[PDB]
Every structure is written in structure tokens, then in C-alpha cells.
Amino acid sequence: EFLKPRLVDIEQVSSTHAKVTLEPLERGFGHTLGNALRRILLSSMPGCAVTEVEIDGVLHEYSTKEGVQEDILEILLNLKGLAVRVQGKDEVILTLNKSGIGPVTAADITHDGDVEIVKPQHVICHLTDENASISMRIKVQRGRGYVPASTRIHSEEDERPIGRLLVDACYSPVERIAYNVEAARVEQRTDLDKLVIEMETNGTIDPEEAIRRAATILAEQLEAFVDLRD
Amino acid sequence: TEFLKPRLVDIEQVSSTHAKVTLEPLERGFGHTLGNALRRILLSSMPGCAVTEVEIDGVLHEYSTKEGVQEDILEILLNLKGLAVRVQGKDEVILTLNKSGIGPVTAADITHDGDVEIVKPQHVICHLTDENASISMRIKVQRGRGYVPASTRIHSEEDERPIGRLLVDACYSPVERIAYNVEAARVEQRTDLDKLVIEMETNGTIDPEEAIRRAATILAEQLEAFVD
Amino acid sequence: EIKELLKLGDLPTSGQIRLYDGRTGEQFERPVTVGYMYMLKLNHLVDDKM
Amino acid sequence: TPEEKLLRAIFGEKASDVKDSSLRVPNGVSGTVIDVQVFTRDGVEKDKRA
Amino acid sequence: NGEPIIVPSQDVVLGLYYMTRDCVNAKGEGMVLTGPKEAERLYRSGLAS
Amino acid sequence: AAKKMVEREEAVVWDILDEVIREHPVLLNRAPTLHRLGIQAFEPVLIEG
Amino acid sequence: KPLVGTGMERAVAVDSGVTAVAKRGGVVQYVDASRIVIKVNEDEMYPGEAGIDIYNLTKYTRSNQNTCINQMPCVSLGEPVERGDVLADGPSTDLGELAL
């Protein structure tokens, strides 16, 4: 007997910020759906995140590279927040070679086919010597949640090349979710809210796709709920 | 990607109108989202059939008094409110309770109707004292969603009603109490999992398990537009 | 002066805003005091005690 | 003890004469080796790593 | 002394206190409730303070 | 062999641990034990961290 | 940094020798994760031995409390620096302000 919602206009105020709307929501359902979706989105959306790095002539993050301005550790921290969308595979390996004084940005990553960067002006490091160069391989995997290096040591499985530098994976592409319910008067109805979900991601995920995915997760859990076989 | 759906869900039912459904393991935090969605739905928006407004034979206000019935009109309406019905076809029916004889007027004494049905016939409605024993009233049961007090209906008195129209707080929803805990769980190696515990008690008209199922169904119905 | 700084930033001069419970999304009554505190981590680390 | 002697017999495990006294990481701490220094009393022949 | 040693201390007494005080005119004043369970239902559903 | 097992912390020793902990109470004592409630027995719940 | 400080962070961070403080003004000729090379200004130079000023930073090393004391350069190439200016933020200082 209820009115079911429909996904309606997706305003996209920026590449990272987007306000989607779900219009014909019954009374009291606005808050239910809104908070459920907020929990789902903040917790479990999938994303891709650089997982390990291998720089040419360094052994561990507590070293320094002649010519670059940041210590290696700061470079890993800068990579950790590098935002990237891959399409085909579930893990790819990017190459970043560069020489010459100046910043070293995500644009400098050797363009692969399926890998798409989302803010190529992100800064990886700074070279400060004309003949200094860096050459690194960045493994990008796909996952969800937050998997620090320490636990990934569970899946150690022959990490012999001591140059391999594990960075902590923050796979989640969603940064901040908020939502407001507000009356949206259909022509003849006294109670019909409308849910506006403002959503700020790191531009690696499409807003409609994110909300659709969260709805899918919620429905698949309720699927185990709708039949109480005991 | 791939999510941990609950296996080994058990429902322990004490006092059939009351159940305790534990459900585990769920992903981290899914305990709260699932539990609270179900809580909000069951509690606040669920169809039912409840007494809404009564018209006693010869009384005007809740603070007035009816000689011969020991309960005050307030207690009368209070007993009325907890009376649990289940109509089949009509989205609104009027029952006429007309009883004489000193003693306990219970719900069983209602004039039989077709689509109507009472669940606790001995649910006392009121008491008739000595020698007088003549109570008469028209209760109005009505199909509605959730729970609507009477103050709304008098502030939303769109229909100025005749005298004697005593409004009762419509308790449409079958659930009487719904609570949930979330405790720790583990799949043999991961400790950060949630075990949901839903303790629910209803007004007979629907077994607890059935109510949970139909609430989850309402929610899935709502989401039906986006899932794949 | 603190109140004025808050007004300059379009923030409630009372210093207290309204919050929602992340678990249920219903609002805490009586607006709470949020802000920014400088927190140090003292070196009584727990994995040096256990 | 006699039983350990019977062990060494049945299994030919030559009971070595050099006891193990190597330096191992204390439990619970799991880090990266970032430096190794080697001092040797002069006269002693240096090993490859030194 | 024979007095209890498991008295609730600070956040729990503040919880009970605030829960159990009365406001002189608050949402849903002057209803007639059919039991404690209805009170909890009212409050959780946001109809009565 | 069992010593080697619990050094590896094979996933079986955790089940065995949950087993030997089952009803076994432990004593907790705070530093300046002023009076006899300074030592109390509890039943342990295995916990991360 | 502390958003709410007392203005005394700078004196503490500088007076303790945890930072690399410029001794003569000049221009950063070469900054690196491990050293800072300042081309001194003329007016501060001595007659002979014109020269430059090198600062070798202390990289990851042990404290007495087993913490990592470690200096990062806060200047960038070609920037101008003055006497008594902060060139390398030591541990727990940022831009020359004590940041605990």
C-alpha cells in the first residue's frame, strides 16, 4: 500500500560531491532509509587503493632518497591517499618514472589503459636535483573497508623482495555522507517526504552507482531476514 | 563485493506473543543498521486494525462518570485501547458492545460480526456493579498504520463529531515492544562481527516471527527500485 | 572575543551544535559541545605494559 | 639421561656440541631492521658483512 | 558497613536522573498510557518527550 | 609438539583456549589493595587488544 | 600545530636544538631529504672563504626513550632564508612551532 521511492535527479556539484534524491518516501521512512544507507555507504563501498610500493633503490620506508625532498615514509603517506579507478582487473600495477627538478604528481604515472586517475595533480613527491630520478611500481588492488599492513601480514605468502613496501589500504571511496528528509508535496497527499543524500567521495565512484550498490547490500541482508526459517 | 550473511539464526519463543530472535554473524555494524531499520518499521509504520473512537450510550466526557461501573471512563477507554482486533475485508467497522448483568464485562461479550475477530475474549473491558448492570457503547475499529494518538485527531478535528465521540489513541501496529541488542560474535578468526538480538512482543494478532518477516518485507519492497 | 570569532565563521556562538547518533540517526537533545582539542598521546603505551 | 641416549641411538641424531645463543627479536615487537652496526676487537678477523 | 558497594557512579546516575525527571510542559503531556511498554513505544517513536 | 603449536598460534589453539577458559575464573587485583574488595574474581571473556 | 596555542611554542621549538636554524641569511641552493645547502648572502660573508652553509639533518635515530628523532626540511628550493630562521623541523615541531 506504500509508495515506493524512485531515484530522481542527481545534482553533481563537483567531481567529488553529489546530492542525489529519492522523492516519494512515505512517512517516517525517510529517516529509516536515510540512516540505513548512510551506514552502508560509509562502511562498505568498494574501491581501489594502492597496496604496496616498490621504489628502485630503497629498502625500507625509514630511509631517504638522494635528490627527492620527502623521506620515503612521507612518500608512502602521499601515495596512500592517491585516488584511482580501475575498470577491468582486480589489481593492476602502475609505473611511475621521472627525472628532473620539480614536483612529481599523479599525472606522471605511466598511463595504463584501464587505470584512470581522478586528480592527476595529486603530488607524490618533489625532485630537487636535475639528475636525480625516481622509478617506482605501485600495486593497486581493489577491496573494501580498511586493511592495515599489520593484518595483511596474515597473507604474507613469500614477500621476500625486501624492497616491497606495504602501505595501509583505505579502500573506501566515500568520505562524508549526510542526508536530510524534507517534505516534497505530490499533488494530492498530506505526508510525502523526500530524501536528499549529499555524498562526498574521492571521485572514484559514481553517486548513482554507490547508492544502488548500498541498496543492493541492504536488500541482500533483508533477504536472509524475510524468511525466518529458524 | 561478497558479504557475510547470517547463518545459524535461532528464534526462541517464550509466551508465544513474545519472542527473542538471535541472528548471527553479521558484518561489523550491520547489527545496528539492520536492527534499527526493523525497529523503526515495526514500531512506527506497520498496518493494523485498532479501536479508535467510542460512543458510550449515555456519557459525555472522560471526566464525567457513569453510575454503576466501577472503572472511571478513563480506565474504560484504557481497557478499550488494548483490545486487539483483526478485520478481514472492511477498512473500518463499528462494533456495538451492549451488556447487562453484574460482573466483568470482557471483550467476549461483543456482538459477533463477520470480518471481525477478537484474540483475547477474556480481556476485561470493565466491571458492572450491583443491581444496575446495563452498559452500552459503540466502539469503532479502523484500519490504519503505525500509532496515532488522540490529541492529533482533536487538533486535526477535520470532522466536528457529535457529542460522546470519545477519541482513543489508535494503537494500530501489532508490536507492543521491540528492542534489540548487538553483541560481539566471531567467525572462528574474525572478532569484529555483530550478533543481533531482537526481542519482540506483540498483541497476539500476529506471531512475533511473522511480524519480523513482514517488516523486513516492507523494507525490501521499499528498496525494490534500486537493487540489482 | 571567542564568540565574535565564532560569528565570523558562521558558527553558533553558544559553541554547542546539534548532533545525531550515528547508530540510529536520531538527534541527541540538548545540543552538545563539539570543538577541537589538542590531544597528545602520552608514552604510557599499552603494549609496553601488558 | 639414558632415555635421551636411546633417542640419539635410534635416530642417529648427532648431539651437537655448540649451544644456540643467537639474538632473536623479543616477542610482540614486529618491526623493520633499519641499521646494523658491527664492532670487532682489533686483531679479530672481520667477516664479510663487517 | 552493611551498605552496598556496587552503587552506580556517574554516567549511569546521570542517565537515570535525566530519564526520570519531569518537564513542566513537554511533548505528549497528559496522555493516559496503557502500560510501561506503551510509554517506551511512544518515546522511541518520538511522540512523547 | 604442543609448545610448538601455541608458539605458531595455530587457529586450533584459539578454540582450545576458549575451551579451557570456559568456567575458569581469574582474580583481578588493583595496585594498593586497601581492603578485601581490592581482589575480586571474574570470569574472563576473551578479548582482542 | 596547535590550533589554540599560547604563542610560546616558537621559542621552545627553536631554543631546544631539535631544529636546524639558519646561521646566516641567504637562499636555499639545494634542499634534500637529508641536507640543506644555503648560498649565503654577500653582506654576511667573510672577506675570504666566501663559501656556503651546509646543514646535515639527523635522520631516523634513537632517542633515550626509544623514539624516532628525525628532521624534515621545511624550506623549498630557491626560497630566501634569514638568520635565526628555521630550516628543518625536528621531531614534534612543525614550521618551527612546537607541535606535541
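The structure this text deals with has already been given above.
This text gives an overview of the structure that appears in the document.

About the cut-offs
- Residues numbered from 1 in each chain as written, not as in the entry; some residues may be left out.
- Chains lettered and ligands numbered in written order.
- Part of a larger assembly, values for the part shown.
- Heavy atoms only, no water.
- Helix = DSSP H or I, 4+ residues; strand = E, 2+ residues; numbered from the N terminus.
- Buried < 20%, exposed > 50% of the residue type's maximum accessible area, 1.4 Å probe, protein only.
- Contact = heavy atoms within 4.5 Å.
- Pairing = 2+ DSSP bridges.
- Axes fitted to C-alpha atoms, helices over the stretch in contact; angles between N-to-C directions.
- Expected span 1.5 Å × (residues − 1).
- Core = buried A, V, L, I, M, F, W, Y, C linked by side-chain atoms within 4.5 Å.
- Disulfide = S-S within 2.5 Å.
- Patch = residues over 30% accessible without salt bridge, like charges linked within 9 Å, V, L, I, M, F, W, Y side chains within 5 Å.
- Areas by Shrake-Rupley, 256 points an atom, 1.4 Å probe, with all protein chains shown as cover.
- Salt bridge = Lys/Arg side-chain N within 4 Å of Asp/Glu carboxyl O.
- Buried area = accessible area lost by both parts, 1.4 Å probe.
- Polar contact = N/O pair within 3.5 Å; in protein donor to acceptor, adjacent residues only side chain to side chain.
- Nonpolar A, V, L, I, M, F, W, Y, C, P; charged D, E, K, R; others polar.

**Concerning the overall build of chain G**
Now for step 1: In terms of regular secondary structure, chain G is built from one helix and eleven strands.
Now for step 2: Order of helices (α) and strands (β) in chain G, N terminus to C terminus: α-β-β-β-β-β-β-β-β-β-β-β.
Now for step 3: By its C-alpha atoms, chain G is 45 × 30 × 20 Å across when sized along the principal axes.
Now for step 4: Per-residue burial over chain G gives 37% buried out of 100 residues.
Now for step 5: The contacts in chain G between residues at least 6 apart in sequence include a share of 47% that link residues at least 24 apart.

**Observations regarding the arrangement of the chains**
Now for step 1: There are ten pairs of chains in contact here, and the one with the most contacts is chains A and B.
Now for step 2: Taking C-alpha atoms as the reference, chain C and chain F come no closer than 9 Å and do not contact one another.
Now for step 3: As for chain G relative to chain F, no contact occurs, and the smallest C-alpha gap between them is 22 Å.

**Describing the sheet that holds strand β14 (residues 193-201) of chain A**
Hydrogen bonds between backbone groups are what pair the strands of a sheet, and the pairing can be parallel or antiparallel.
All names here are of chain A.
Now for step 1: The four strands lie next to each other as β1-β2-β14-β13, forming an open sheet whose pairing is antiparallel. Of all strands in the sheet, those bounded by a partner on one side alone are β1 (7-11) and β13 (174-183). Each neighbouring strand pair of the sheet contributes to a mean axis angle of 20 degrees, computed without reference to strand direction.
Now for step 2: Docked against the sheet, helix α1 (residues 29-44) engages β2 (17-25), β13 and β14, running at close to 175 degrees with respect to β13.

**Some thoughts on helix α1 (residues 30-44) of chain B**
Given 3.6 residues per turn, any residue in an α-helix points the same way as the ones three and four places further on.
Now for step 1: Helix length check: α1 of chain B (15 residues) gives 21 Å between terminal C-alpha atoms against 21 Å at 1.5 Å per residue, within 8%.
Now for step 2: Of all the 15 residues making up α1 of chain B, 14 are buried; the element is thus mostly covered by neighbouring parts of the structure.

**Here we look at the environment of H126 of chain A**
Now for step 1: Mapped onto the elements of the fold, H126 of chain A is located in strand β8 (residues 123-127).
Now for step 2: Apart from the residues within four sequence positions on either side, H126 of chain A is in contact with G67, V68, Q69, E70, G102 and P103 of chain A.

**Observations regarding the nonpolar core**
Now for step 1: Of all hydrophobic cores here, the largest spans 57 residues; its most connected members are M45, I197 and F225 of chain A together with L42 and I198 of chain B.
Now for step 2: Sorting elements by how many residues they give to this core places helix α4 (residues 207-226) of chain A first, with eight residues.
Now for step 3: Non-local contacts of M45 of chain A, meaning those with residues more than four positions away in its chain, are made with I40, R144, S172, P173, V174, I205, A210, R213, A214 and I217 of chain A.

**Looking at the state of the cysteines**
Residue and element names in this part refer to chain G.
Now for step 1: Counted under the stated rule, the structure contains zero disulfides over all chains.
Now for step 2: No disulfide involves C68; its nearest neighbouring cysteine sulfur is the one of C74, lying 17 Å away.
Now for step 3: Given the relative accessible area of 26%, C74 is considered partly exposed.

**Some words on a nonpolar patch on the surface**
All names here are of chain E.
Now for step 1: On the surface, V12, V13, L14, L16, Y17, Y18 and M19 cluster together to form a nonpolar patch covering roughly 710 Å² of accessible area.
Now for step 2: Looking at where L14 falls in the secondary structure, it is placed in helix α1 (residues 11-20).
Now for step 3: The class for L14 is exposed, based on a relative accessible area of 54%.

**Section: the interface of chain A and chain B**
Now for step 1: Taken together, the contacts link 37 residues of chain A with 43 residues of chain B.
Now for step 2: Where chain A abuts chain B, roughly 3800 Å² becomes buried across the two surfaces, and 67% of that area is made up of carbon and sulfur atoms.
Now for step 3: On the chain A side of the contact with chain B, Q221, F225 and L228 of chain A bury the most area, a combined 19% of that side's loss.
Now for step 4: Where chain A packs against chain B, one counts three salt bridges.
Now for step 5: A salt bridge links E27 of chain B to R144 of chain A; its shortest N-O distance comes to 3.6 Å.
Now for step 6: Scanning the region where chain A abuts chain B turns up nine residue pairs in polar contact.
Now for step 7: No other element matches the 13 residues that α4 of chain A contributes to the side of chain A that touches chain B.
Now for step 8: A breakdown of the residues in the side of chain A that touches chain B according to their chemical character gives 19 nonpolar, seven polar and eleven charged.

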